[PDB]
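Read the structure below first, then the notes.
Residue numbering restarts at 1 for every chain, and letters A, B, ... go by the order of the sequence lines. When reading the values below, keep in mind they use all heavy atoms of this one structure, side chains included, and skip hydrogens, waters and symmetry mates.
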Amino acid sequence: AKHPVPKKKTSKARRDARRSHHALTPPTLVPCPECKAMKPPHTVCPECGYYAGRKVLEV
Amino acid sequence: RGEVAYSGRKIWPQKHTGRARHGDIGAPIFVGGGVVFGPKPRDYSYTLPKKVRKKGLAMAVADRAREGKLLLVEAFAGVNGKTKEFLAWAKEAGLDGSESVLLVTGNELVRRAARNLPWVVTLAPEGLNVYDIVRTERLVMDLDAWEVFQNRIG
Amino acid sequence: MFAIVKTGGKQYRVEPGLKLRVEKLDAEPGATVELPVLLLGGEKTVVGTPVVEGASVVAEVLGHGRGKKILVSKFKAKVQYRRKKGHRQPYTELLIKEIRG
Amino acid sequence: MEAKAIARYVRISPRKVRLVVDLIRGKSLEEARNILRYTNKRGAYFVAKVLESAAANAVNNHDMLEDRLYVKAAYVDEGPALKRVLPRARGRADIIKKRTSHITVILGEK
Amino acid sequence: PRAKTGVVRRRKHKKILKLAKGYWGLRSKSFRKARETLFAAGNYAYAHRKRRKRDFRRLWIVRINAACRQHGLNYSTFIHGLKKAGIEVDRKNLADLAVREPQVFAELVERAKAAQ
Amino acid sequence: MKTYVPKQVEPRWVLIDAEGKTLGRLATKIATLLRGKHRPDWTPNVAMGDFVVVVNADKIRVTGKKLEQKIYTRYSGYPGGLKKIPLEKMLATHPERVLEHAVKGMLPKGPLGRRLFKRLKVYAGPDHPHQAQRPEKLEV
RNA sequence: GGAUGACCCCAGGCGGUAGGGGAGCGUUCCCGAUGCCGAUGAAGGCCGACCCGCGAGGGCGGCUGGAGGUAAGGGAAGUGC
RNA sequence: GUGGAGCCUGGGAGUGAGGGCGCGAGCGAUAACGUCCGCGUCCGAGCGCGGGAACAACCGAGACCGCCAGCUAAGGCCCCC
RNA sequence: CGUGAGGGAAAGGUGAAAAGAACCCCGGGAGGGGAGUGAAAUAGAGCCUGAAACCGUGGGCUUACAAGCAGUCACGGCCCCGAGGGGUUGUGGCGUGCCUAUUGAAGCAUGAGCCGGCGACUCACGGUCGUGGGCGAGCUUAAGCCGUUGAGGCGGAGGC
Ligand SMILES: [K+]
Ligand SMILES: [K+]
Ligand SMILES: [K+]
Ligand SMILES: [K+]
Ligand SMILES: [K+]
Ligand SMILES: [K+]
Ligand SMILES: [K+]
Ligand SMILES: [K+]
Ligand SMILES: [K+]
Ligand SMILES: [K+]
Ligand SMILES: [K+]
Ligand SMILES: [K+]
Ligand SMILES: [K+]
Ligand SMILES: [Mg+2]
Ligand SMILES: [Mg+2]
Ligand SMILES: [Mg+2]
Ligand SMILES: [Mg+2]
Ligand SMILES: [Mg+2]
Ligand SMILES: [Mg+2]
Ligand SMILES: [Mg+2]
Ligand SMILES: [Mg+2]
Ligand SMILES: [Mg+2]
Ligand SMILES: [Mg+2]
Ligand SMILES: [Mg+2]
Ligand SMILES: [Mg+2]
Ligand SMILES: [Mg+2]
Ligand SMILES: [Mg+2]
Ligand SMILES: [Mg+2]
Ligand SMILES: [Mg+2]
Ligand SMILES: [Mg+2]
Ligand SMILES: [Mg+2]
Ligand SMILES: [Mg+2]
Ligand SMILES: [Mg+2]
Ligand SMILES: [Mg+2]
Ligand SMILES: [Mg+2]
Ligand SMILES: [Mg+2]
Ligand SMILES: [Mg+2]
Ligand SMILES: [Mg+2]
Ligand SMILES: [Mg+2]
Ligand SMILES: [Mg+2]
Ligand SMILES: [Mg+2]
Ligand SMILES: [Mg+2]
Ligand SMILES: [Mg+2]
Ligand SMILES: [Mg+2]
Ligand SMILES: [Mg+2]
Ligand SMILES: [Mg+2]
Ligand SMILES: [Mg+2]
Ligand SMILES: [Mg+2]
Ligand SMILES: [Mg+2]
Ligand SMILES: [Mg+2]
Ligand SMILES: [Mg+2]
Ligand SMILES: [Mg+2]
Ligand SMILES: [Mg+2]
Ligand SMILES: [Mg+2]
Ligand SMILES: [Mg+2]
Ligand SMILES: [Mg+2]
Ligand SMILES: [Mg+2]
Ligand SMILES: [Mg+2]
Ligand SMILES: [Mg+2]
Ligand SMILES: [Mg+2]
Ligand SMILES: [Mg+2]
Ligand SMILES: [Mg+2]
Ligand SMILES: [Mg+2]
Ligand SMILES: [Mg+2]
Ligand SMILES: [Mg+2]
Ligand SMILES: [Mg+2]
Ligand SMILES: [Mg+2]
Ligand SMILES: [Mg+2]
Ligand SMILES: [Mg+2]
Ligand SMILES: [Mg+2]
Ligand SMILES: [Mg+2]
Ligand SMILES: [Mg+2]
Ligand SMILES: [Mg+2]
Ligand SMILES: [Mg+2]
Ligand SMILES: [Mg+2]
Ligand SMILES: [Mg+2]
Ligand SMILES: [Mg+2]
Ligand SMILES: [Mg+2]
Ligand SMILES: [Mg+2]
Ligand SMILES: [Mg+2]
Ligand SMILES: [Mg+2]
Ligand SMILES: [Mg+2]
Ligand SMILES: [Mg+2]
Ligand SMILES: [Mg+2]
Ligand SMILES: [Mg+2]
Ligand SMILES: [Mg+2]
Ligand SMILES: [Mg+2]
Ligand SMILES: [Mg+2]
Ligand SMILES: [Mg+2]
Ligand SMILES: [Mg+2]
Ligand SMILES: [Mg+2]
Ligand SMILES: [Mg+2]
Ligand SMILES: [Mg+2]
Ligand SMILES: [Mg+2]
Ligand SMILES: [Mg+2]
Ligand SMILES: [Mg+2]
Ligand SMILES: [Mg+2]
Ligand SMILES: [Mg+2]
Ligand SMILES: [Mg+2]
Ligand SMILES: [Mg+2]
Ligand SMILES: [Mg+2]
Ligand SMILES: [Mg+2]
Ligand SMILES: [Mg+2]
Ligand SMILES: [Mg+2]
Ligand SMILES: [Mg+2]
Ligand SMILES: [Mg+2]
Ligand SMILES: [Mg+2]
Ligand SMILES: [Mg+2]
Ligand SMILES: [Mg+2]
Ligand SMILES: [Mg+2]
Ligand SMILES: [Mg+2]
Ligand SMILES: [Mg+2]
Ligand SMILES: [Mg+2]
Ligand SMILES: [Mg+2]
Ligand SMILES: [Mg+2]
Ligand SMILES: [Mg+2]
Ligand SMILES: [Mg+2]
Ligand SMILES: [Mg+2]
Ligand SMILES: [Mg+2]
Ligand SMILES: [Mg+2]
Ligand SMILES: [Mg+2]
Ligand SMILES: [Mg+2]
Ligand SMILES: [Mg+2]
Ligand SMILES: [Mg+2]
Ligand SMILES: [Mg+2]
Ligand SMILES: [Mg+2]
Ligand SMILES: [Mg+2]
Ligand SMILES: [Mg+2]
Ligand SMILES: [Mg+2]
Ligand SMILES: [Mg+2]
Ligand SMILES: [Mg+2]
Ligand SMILES: [Mg+2]
Ligand SMILES: [Mg+2]
Ligand SMILES: [Mg+2]
Ligand SMILES: [Mg+2]
Ligand SMILES: [Mg+2]
Ligand SMILES: [Mg+2]
Ligand SMILES: [Mg+2]
Ligand SMILES: [Mg+2]
Ligand SMILES: [Mg+2]
Ligand SMILES: [Mg+2]
Ligand SMILES: [Mg+2]
Ligand SMILES: [Mg+2]
Ligand SMILES: [Mg+2]
Ligand SMILES: [Mg+2]
Ligand SMILES: [Mg+2]
Ligand SMILES: [Mg+2]
Ligand SMILES: [Mg+2]
Ligand SMILES: [Mg+2]
Ligand SMILES: [Mg+2]
Ligand SMILES: [Mg+2]
Ligand SMILES: [Mg+2]
Ligand SMILES: [Mg+2]
Ligand SMILES: [Mg+2]
Ligand SMILES: [Mg+2]
Ligand SMILES: [Mg+2]
Ligand SMILES: [Mg+2]
Ligand SMILES: [Mg+2]
Ligand SMILES: [Mg+2]
Ligand SMILES: [Mg+2]
Ligand SMILES: [Mg+2]
Ligand SMILES: [Mg+2]
Ligand SMILES: [Mg+2]
Ligand SMILES: [Mg+2]
Ligand SMILES: [Mg+2]
Ligand SMILES: [Mg+2]
Ligand SMILES: [Mg+2]
Ligand SMILES: [Mg+2]
Ligand SMILES: [Mg+2]
Ligand SMILES: [Mg+2]
Ligand SMILES: [Mg+2]
Ligand SMILES: [Mg+2]
Ligand SMILES: [Mg+2]
Ligand SMILES: [Mg+2]
Ligand SMILES: [Mg+2]
Ligand SMILES: [Mg+2]
Ligand SMILES: [Mg+2]
Ligand SMILES: [Mg+2]
Ligand SMILES: [Mg+2]
Ligand SMILES: [Mg+2]
Ligand SMILES: [Mg+2]
Ligand SMILES: [Mg+2]
Ligand SMILES: [Mg+2]
Ligand SMILES: [Mg+2]
Ligand SMILES: [Mg+2]
Ligand SMILES: [Mg+2]
Ligand SMILES: [Mg+2]
Ligand SMILES: [Mg+2]
Ligand SMILES: [Mg+2]
Ligand SMILES: [Mg+2]
Ligand SMILES: [Mg+2]
Ligand SMILES: [Mg+2]
Ligand SMILES: [Mg+2]
Ligand SMILES: [Mg+2]
Ligand SMILES: [Mg+2]
Ligand SMILES: [Mg+2]
Ligand SMILES: [Mg+2]
Ligand SMILES: [Mg+2]
Ligand SMILES: [Mg+2]
Ligand SMILES: [Mg+2]
Ligand SMILES: [Mg+2]
Ligand SMILES: [Mg+2]
Ligand SMILES: [Mg+2]
Ligand SMILES: [Mg+2]
Ligand SMILES: [Mg+2]
Ligand SMILES: [Mg+2]
Ligand SMILES: [Mg+2]
Ligand SMILES: [Mg+2]
Ligand SMILES: [Mg+2]
Ligand SMILES: [Mg+2]
Ligand SMILES: [Mg+2]
Ligand SMILES: [Mg+2]
Ligand SMILES: [Mg+2]
Ligand SMILES: [Mg+2]
Ligand SMILES: [Mg+2]
Ligand SMILES: [Mg+2]
Ligand SMILES: [Mg+2]
Ligand SMILES: [Mg+2]
Ligand SMILES: [Mg+2]
Ligand SMILES: [Mg+2]
Ligand SMILES: [Mg+2]
Ligand SMILES: [Mg+2]
Ligand SMILES: [Mg+2]
Ligand SMILES: [Mg+2]
Ligand SMILES: [Mg+2]
Ligand SMILES: [Mg+2]
Ligand SMILES: [Mg+2]
Ligand SMILES: [Mg+2]
Ligand SMILES: [Mg+2]
Ligand SMILES: [Mg+2]
Ligand SMILES: [Mg+2]
Ligand SMILES: [Mg+2]
Ligand SMILES: [Mg+2]
Ligand SMILES: [Mg+2]
Ligand SMILES: [Mg+2]
Ligand SMILES: [Mg+2]
Ligand SMILES: [Mg+2]
Ligand SMILES: [Mg+2]
Ligand SMILES: [Mg+2]
Ligand SMILES: [Mg+2]
Ligand SMILES: [Mg+2]
Ligand SMILES: [Mg+2]
Ligand SMILES: [Mg+2]
Ligand SMILES: [Mg+2]
Ligand SMILES: [Mg+2]
Ligand SMILES: [Mg+2]
Ligand SMILES: [Mg+2]
Ligand SMILES: [Mg+2]
Ligand SMILES: [Mg+2]
Ligand SMILES: [Mg+2]
Ligand SMILES: [Mg+2]
Ligand SMILES: [Mg+2]
Ligand SMILES: [Mg+2]
Ligand SMILES: [Mg+2]
Ligand SMILES: [Mg+2]
Ligand SMILES: [Mg+2]
Ligand SMILES: [Mg+2]
Ligand SMILES: [Mg+2]
Ligand SMILES: [Mg+2]
Ligand SMILES: [Zn+2]
């Protein structure tokens with residue numbers, strides 16, 4: 001190879017257009033049926049330790 | 001560049017570094033280097049012709065004589081070296097301080113009595129010069145100072 | 001009733017009560033000036049060849065002024081030639097009084 | 001009435017933390033708390049502390065009701081950078097910039 | 001005595017940058033790019049003041065051509081007939097008549113028709 | 001005084017029959033109508049011409065040996081991608097394209113000229129679907 | 001013409017590199033100055049769509065700033081990127 | 001023949017790589033956007049303007065500034081124009 | 001920094017006065033919000049003034065069928081200030097960066113990432129022309145000496 005380099009400085013408009021897909025998506029959250037705390041679906045609730053209507057881990 | 005404190009070493013080689021070529025950091029293109037065509041100690045005096053000097057002095061006094069601004073004094077009666085005495089003499093002479101005065105006299109006690117007044121410039125007769133005359137609005141001379149002036153512009 | 005008049009090397013369509021800017025006139029403010037007529041229109045159509053012999057427009061001079069400054073710039077590449085000049089065109093403002101015809 | 005809080009000279013890149021701040025701009029305080037808890041980014045730890053400090057200021061200092069608070073404004077400004085050496089091959093020394101952020105949250109009432 | 005740059009360069013640079021407002025990118029933020037843009041802008045303005053007179057004359061002639069051909073004759077015949085009759089209304093005022101006073105324009109068409 | 005500027009006007013629908021017309025000499029007249037240059041209030045930077053409906057486009061007439069000698073070309077961007085179609089084949093397979101191609105090349109290039117081309121409606125056969133607009137017949 | 005720039009009138013000119021000539025603007029410092037301006041706000045900074053100048057520029061107004069600035073007329077340069 | 005004509009005296013230069021075209025020659029192969037001279041021209045310095053699709057030197061023509069006035073030059077008048 | 005001889009930086013300013021912010025609140029702290037001091041705290045110690053490049057938030061106009069040295073001329077729409085003006089740009093016309101070097105460059109020839117600051121025709125002594133003054137068959141002093149403390153005069157050796 002022979003060391004490729006940028007030919008021109010990237011303009012402000014062009015670099016910010018490249019970042020048009022960079023925004024984060026908020027996490028998916030559902031209420032816990034037992035304690036009504038927001039938590040990701042299909043995970044054991046970290047506040048009360050319930051999953052599928054039964055106690056799983058001690059909190 | 002020859003008088004700054006830096007050494008004469010070439011900072012980096014002439015070719016193949018990718019930088020601009022340079023010698024020593026004393027060169028004027030460098031920040032902190034020597035100065036190109038800066039001031040050096042200088043003598044600004046020159047010999048103006050004597051005839052022009054004498055002609056200028058006579059014209060300056062004649063200019064004050066045009067306007068009625070030249071006054072001659074036989075003697076300063078009450079002036080003996082106290083500032084309040086000169087003020088009393090100046091009041092009866094018509095010098096109330098509204099105009100600046102060049103006071104030429106060989107009387108030392110008169111010169112020291114008028115020195116502190118902001119509107120008075122004091123000169124011995126040997127020191128008469130056109131810059132002081134033109135600066136001030138009035139010219140007050142002694143007869144002894146007058147005779148020295150006549151001899152000078154002979 | 002409108003007219004086509006000639007002043008300042010240009011032609012203008014005028015009506016009574018119109019305020020018009022023309023080239024500077026050697027007339028004092030508040031005085032009246034008369035303009036040659038090329039054509040009359042409206043109730044009747046009179047066409048000059050080139051000037052309608054009897055017609056004139058009465059205009060009152062409101063004042064004289066200077067137009068907004070125009071920048072006149074010149075540049076020639078690779079020759080160190082640059083020129084900058086400000087220009088303000090004088091004018092005379094008229095009020096059209098009546099169309100005699 | 002507005003309640004603001006600023007965290008200054010936080011040792012984190014402004015670009016990275018600006019992604020987290022955009023998630024909570026305009027949200028209610030309750031929604032903002034839940035979003036930041038389960039955002040898998042380092043910046044969410046710092047943003048949450050400023051958000052909770054601003055919420056305390058609203059009730060404690062400015063007589064604002066906690067149930068009506070929402071994020072009216074939020075932004076990240078760049079602070080002074082820390083310049084560090086990174087050795088490269090063949091004796092070349094590079095400079096690493098360790099940037100810092102100022103994080104502002106402003107709360108209003110709905 | 002020493003006379004350093006002081007404030008003179010900043011004030012000159014601000015004058016150029018105020019003239020370059022609205023230009024794209026560095027053409028309104030960098031003094032060097034802004035000055036280059038203004039060299040071309042000045043030449044364009046001078047050149048386009050000249051051809052504005054030709055642009056408008058072109059517009060008037062086309063409009064006169066359409067009005068003439070609604071009366072069964074073309075532009076070149078109409079202008080020749082006007083000159084033969086001695087009418088010196090210019091194209092700017094003829095175009096205004098063609099669109100604002102079409103009945104006066106009909107009268108002028110008849111004079112040009114009879115003149116030839 | 002300033003030059004008159006027209007306000008927006010509802011546009012005119014016009015019907016042209018292409019039976020037996022010379023192709024190029026008909027296309028000139030269409031291009032003038034689409035530009036609206038028959039109007040004393042013509043303005044170069046607005047779309048103010050007529051909507052033009054053409055019928056019997058398949059019955060256009062050409063002089064000389066142009067039926068076998070005039071070649072339309074299309075380039076696909078691939079190697080060897082130059083396609084050549086003689087006029088007689090184009091008349092048989094896409095009759096409307098012949099008059100469309102001639103008029104398009106006579107319009108200004110750019111956004112406004114592209115809009116003007118959209119106002120031309122060409123049909124092979126004597127019928128057109130624009131009876132609601134009621135195009136007035138024009139003799140070319 | 002009037003009386004040497006008092007302004008008017010007439011005639012002809014006014015693309016331009018190397019280069020010759022002329023006329024101006026701005027910067028630092030000095031005389032003017034034991035003066036004048038300044039806490040009712042100096043210098044500097046940010047604005048202006050306002051005024052004067054062919055132009056380089058100069059005024060004026062608002063905001064910021066918080067202690068300096070400096071005339072007409074002249075002089076001297078570390079004088080304009 | 002009164003012209004940014006001419007002559008004389010003195011101060012200050014820059015230039016001393018030219019190029020295209022037309023005509024007259026040499027060299028060359030009666031080749032070169034070749035080379036070397038003579039006479040003119042233009043570009044150089046008019047990469048300012050109109051025509052020649054585009055284009056220093058081909059045709060038109062020597063740009064002090066302004067105008068939404070008029071006549072022309074080369075070249076054009078079916079549409080793009 | 002260099003084995004060494006040697007090379008050789010950067011870095012000044014709160015306020016009149018520390019009166020340099022007790023105490024409370026969030027926070028592990030840092031930092032902040034109140035309170036308090038001060039004429040002033042975007043004078044809070046990362047401290048006078050605080051330009052530009054550069055980064056960001058909010059608002060007005062605009063943009064996803066469109067061919068561009070980025071402007072310019074014209075018309076139209078929208079927003080703002082109050083007869084006019086300012087901001088923005090939809091469409092149409094026109095349009096080959098700057099500098100240098102060259103017979104000739106938009107040139108695919110040189111230099112420049114951008115901004116701020118430093119950066120290049122001088123001085124001394126002779127000479128030669130021009131010019132503002134002084135004196136004129138004459139003109140003029142040098143070194144020094146006396147005097148002043150930003151005062152000048154004397155000195156004719158010598159030079160032309
Ligand atoms: K040193
Ligand atoms: K400088
Ligand atoms: K100020
Ligand atoms: K030649
Ligand atoms: K355009
Ligand atoms: K507008
Ligand atoms: K070269
Ligand atoms: K070369
Ligand atoms: K060459
Ligand atoms: K090269
Ligand atoms: K260069
Ligand atoms: K000399
Ligand atoms: K001399
Ligand atoms: Mg390999
Ligand atoms: Mg390889
Ligand atoms: Mg490889
Ligand atoms: Mg390899
Ligand atoms: Mg590589
Ligand atoms: Mg590469
Ligand atoms: Mg590269
Ligand atoms: Mg490059
Ligand atoms: Mg490159
Ligand atoms: Mg760039
Ligand atoms: Mg880019
Ligand atoms: Mg790049
Ligand atoms: Mg951007
Ligand atoms: Mg882009
Ligand atoms: Mg990109
Ligand atoms: Mg659930
Ligand atoms: Mg040394
Ligand atoms: Mg040495
Ligand atoms: Mg050495
Ligand atoms: Mg040395
Ligand atoms: Mg050495
Ligand atoms: Mg050495
Ligand atoms: Mg070395
Ligand atoms: Mg090298
Ligand atoms: Mg070298
Ligand atoms: Mg290199
Ligand atoms: Mg390199
Ligand atoms: Mg390199
Ligand atoms: Mg490099
Ligand atoms: Mg270098
Ligand atoms: Mg380098
Ligand atoms: Mg470098
Ligand atoms: Mg070197
Ligand atoms: Mg060096
Ligand atoms: Mg040196
Ligand atoms: Mg340096
Ligand atoms: Mg230095
Ligand atoms: Mg140095
Ligand atoms: Mg030094
Ligand atoms: Mg030093
Ligand atoms: Mg030197
Ligand atoms: Mg030197
Ligand atoms: Mg020196
Ligand atoms: Mg020096
Ligand atoms: Mg001297
Ligand atoms: Mg001197
Ligand atoms: Mg002498
Ligand atoms: Mg005194
Ligand atoms: Mg004194
Ligand atoms: Mg005028
Ligand atoms: Mg211009
Ligand atoms: Mg140019
Ligand atoms: Mg140009
Ligand atoms: Mg040029
Ligand atoms: Mg250039
Ligand atoms: Mg160019
Ligand atoms: Mg140049
Ligand atoms: Mg050059
Ligand atoms: Mg050149
Ligand atoms: Mg040139
Ligand atoms: Mg130039
Ligand atoms: Mg000139
Ligand atoms: Mg000028
Ligand atoms: Mg987001
Ligand atoms: Mg991160
Ligand atoms: Mg923190
Ligand atoms: Mg907290
Ligand atoms: Mg920032
Ligand atoms: Mg390494
Ligand atoms: Mg590495
Ligand atoms: Mg490595
Ligand atoms: Mg090493
Ligand atoms: Mg190593
Ligand atoms: Mg690097
Ligand atoms: Mg880095
Ligand atoms: Mg940082
Ligand atoms: Mg912040
Ligand atoms: Mg100083
Ligand atoms: Mg400076
Ligand atoms: Mg400056
Ligand atoms: Mg400034
Ligand atoms: Mg700008
Ligand atoms: Mg701007
Ligand atoms: Mg803009
Ligand atoms: Mg951009
Ligand atoms: Mg920009
Ligand atoms: Mg900027
Ligand atoms: Mg800016
Ligand atoms: Mg340009
Ligand atoms: Mg220009
Ligand atoms: Mg012009
Ligand atoms: Mg032009
Ligand atoms: Mg013109
Ligand atoms: Mg024309
Ligand atoms: Mg149109
Ligand atoms: Mg149309
Ligand atoms: Mg045919
Ligand atoms: Mg055939
Ligand atoms: Mg093939
Ligand atoms: Mg093939
Ligand atoms: Mg293919
Ligand atoms: Mg002249
Ligand atoms: Mg010119
Ligand atoms: Mg001329
Ligand atoms: Mg000239
Ligand atoms: Mg001094
Ligand atoms: Mg002085
Ligand atoms: Mg002094
Ligand atoms: Mg006062
Ligand atoms: Mg103030
Ligand atoms: Mg100063
Ligand atoms: Mg100021
Ligand atoms: Mg100010
Ligand atoms: Mg100003
Ligand atoms: Mg001062
Ligand atoms: Mg002063
Ligand atoms: Mg210098
Ligand atoms: Mg400058
Ligand atoms: Mg001679
Ligand atoms: Mg000279
Ligand atoms: Mg000479
Ligand atoms: Mg010279
Ligand atoms: Mg010479
Ligand atoms: Mg030479
Ligand atoms: Mg020679
Ligand atoms: Mg030679
Ligand atoms: Mg030679
Ligand atoms: Mg050569
Ligand atoms: Mg040669
Ligand atoms: Mg020649
Ligand atoms: Mg030759
Ligand atoms: Mg030829
Ligand atoms: Mg030839
Ligand atoms: Mg030839
Ligand atoms: Mg020939
Ligand atoms: Mg020949
Ligand atoms: Mg021969
Ligand atoms: Mg030959
Ligand atoms: Mg032969
Ligand atoms: Mg040949
Ligand atoms: Mg060639
Ligand atoms: Mg040749
Ligand atoms: Mg020969
Ligand atoms: Mg020859
Ligand atoms: Mg010859
Ligand atoms: Mg020849
Ligand atoms: Mg010649
Ligand atoms: Mg010539
Ligand atoms: Mg020539
Ligand atoms: Mg020519
Ligand atoms: Mg020439
Ligand atoms: Mg040319
Ligand atoms: Mg050219
Ligand atoms: Mg050139
Ligand atoms: Mg060119
Ligand atoms: Mg050239
Ligand atoms: Mg031609
Ligand atoms: Mg040409
Ligand atoms: Mg052409
Ligand atoms: Mg063409
Ligand atoms: Mg061609
Ligand atoms: Mg050409
Ligand atoms: Mg050309
Ligand atoms: Mg030519
Ligand atoms: Mg011309
Ligand atoms: Mg003219
Ligand atoms: Mg004609
Ligand atoms: Mg003709
Ligand atoms: Mg001619
Ligand atoms: Mg036409
Ligand atoms: Mg070491
Ligand atoms: Mg050591
Ligand atoms: Mg070592
Ligand atoms: Mg050591
Ligand atoms: Mg050691
Ligand atoms: Mg060393
Ligand atoms: Mg330092
Ligand atoms: Mg301080
Ligand atoms: Mg202090
Ligand atoms: Mg203090
Ligand atoms: Mg104080
Ligand atoms: Mg606490
Ligand atoms: Mg703390
Ligand atoms: Mg704390
Ligand atoms: Mg806080
Ligand atoms: Mg605090
Ligand atoms: Mg207080
Ligand atoms: Mg207080
Ligand atoms: Mg208080
Ligand atoms: Mg402040
Ligand atoms: Mg302050
Ligand atoms: Mg504080
Ligand atoms: Mg500060
Ligand atoms: Mg500081
Ligand atoms: Mg202070
Ligand atoms: Mg500071
Ligand atoms: Mg500040
Ligand atoms: Mg900025
Ligand atoms: Mg800033
Ligand atoms: Mg920026
Ligand atoms: Mg928005
Ligand atoms: Mg909006
Ligand atoms: Mg889009
Ligand atoms: Mg669209
Ligand atoms: Mg399409
Ligand atoms: Mg586009
Ligand atoms: Mg553009
Ligand atoms: Mg431009
Ligand atoms: Mg426009
Ligand atoms: Mg649109
Ligand atoms: Mg468009
Ligand atoms: Mg367009
Ligand atoms: Mg174009
Ligand atoms: Mg181009
Ligand atoms: Mg060009
Ligand atoms: Mg330039
Ligand atoms: Mg070069
Ligand atoms: Mg050159
Ligand atoms: Mg070359
Ligand atoms: Mg050269
Ligand atoms: Mg040359
Ligand atoms: Mg050659
Ligand atoms: Mg290049
Ligand atoms: Mg290249
Ligand atoms: Mg390139
Ligand atoms: Mg070279
Ligand atoms: Mg270079
Ligand atoms: Mg550059
Ligand atoms: Mg570069
Ligand atoms: Mg550089
Ligand atoms: Mg850059
Ligand atoms: Mg670099
Ligand atoms: Mg930049
Ligand atoms: Mg720069
Ligand atoms: Mg720089
Ligand atoms: Mg800076
Ligand atoms: Mg320096
Ligand atoms: Mg020197
Ligand atoms: Mg000197
Ligand atoms: Mg000398
Ligand atoms: Mg001498
Ligand atoms: Mg000589
Ligand atoms: Mg003289
Ligand atoms: Mg004498
Ligand atoms: Mg004499
Ligand atoms: Mg003195
Ligand atoms: Zn739960």
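Pairing between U149(I) and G144(I): absent (Watson-Crick or G-U wobble, both distances under 3.5 Å). With the cut-off at 3.5 Å for both distances, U63(I) forms no Watson-Crick or G-U wobble pair with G136(I). Judged by Watson-Crick and G-U wobble geometry, where both atom pairs must sit under 3.5 Å apart, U35(H) and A29(H) do not count as a base pair. Between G40(H) and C47(H), the two key atom distances do not both fall under 3.5 Å in a Watson-Crick or G-U wobble layout, so no such pair is counted.
Evaluation of the salt bridge (charged side-chain N to carboxylate O under 4.0 Å, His left out) rule for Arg10(E) yields no partner, not counting sequence neighbours. A search for salt bridge (charged side-chain N to carboxylate O under 4.0 Å, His left out) contacts involving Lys84(C) returns nothing, not counting sequence neighbours.
Annotation: side-chain hydrogen bond (donor to acceptor under 3.5 Å, both in side chains) contacts involving residues 36-52 of chain B, sequence neighbours excluded, comprise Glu3(B)-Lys40(B), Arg42(B)-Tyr44(B), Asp43(B)-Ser45(B).
Nucleotide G71(I) forms a Watson-Crick or G-U wobble pair with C94(I), both donor-acceptor distances falling under 3.5 Å.
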Close N or O pairs between protein and nucleotides 42-53 of chain H (under 3.5 Å):
none

Contact list (N/O, under 3.5 angstrom) for nucleotides 3-14 of chain I vs protein:
residue : atom : partner : partner atom : Å
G8(I)   : OP1  : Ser7(B) : N            : 3.2

Would you tabulate the nitrogen or oxygen pairs shorter than 3.5 Å linking the protein to nucleotides 157-160 of chain I?
none

Protein-nucleic acid N or O pairs under 3.5 Å, nucleotides 64-70 of chain G:
none

Restricting to nitrogen or oxygen on both sides, can you table the protein-nucleotides 132-138 of chain I pairs closer than 3.5 Å?
residue : atom : partner  : partner atom : Å
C135(I) : OP1  : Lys55(B) : NZ           : 3.4

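The side chain of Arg11(E) places an N or O atom within less than 4.0 Å of a non-bridging phosphate oxygen (OP1 or OP2) of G45(G). The side chain of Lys69(C) places an N or O atom within less than 4.0 Å of a non-bridging phosphate oxygen (OP1 or OP2) of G55(G).
When each of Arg8(D), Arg99(D), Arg18(D), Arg15(D) is checked for a salt bridge (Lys or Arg N to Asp or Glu O under 4.0 Å) with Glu78(D), only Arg99(D) meets the rule.
Non-hydrogen atoms lying under 4.0 Å from RNA chain I are contributed by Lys49(D), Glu52(D), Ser53(D), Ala56(D), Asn57(D), all within residues 46-58 of chain D. The stretch residues 5-14 of chain A has no heavy atom under 4.0 Å from RNA chain H, so no residue of it qualifies as close.
Note on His102(D): nothing from the nucleic acid sits closer than 4.0 angstrom, heavy atoms only.
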### Query
How does protein reach along nucleotides 74-81 of chain H, written 5' to 3' as B (base within reach of a heavy atom under 4.0 Å), S (only sugar-phosphate), or - (no contact)?
----BBSS
### Under 4.0 Å protein heavy-atom contacts per nucleotide of nucleotides 71-81 of chain G, with B for base, S for backbone only and - for none
------SBS-S
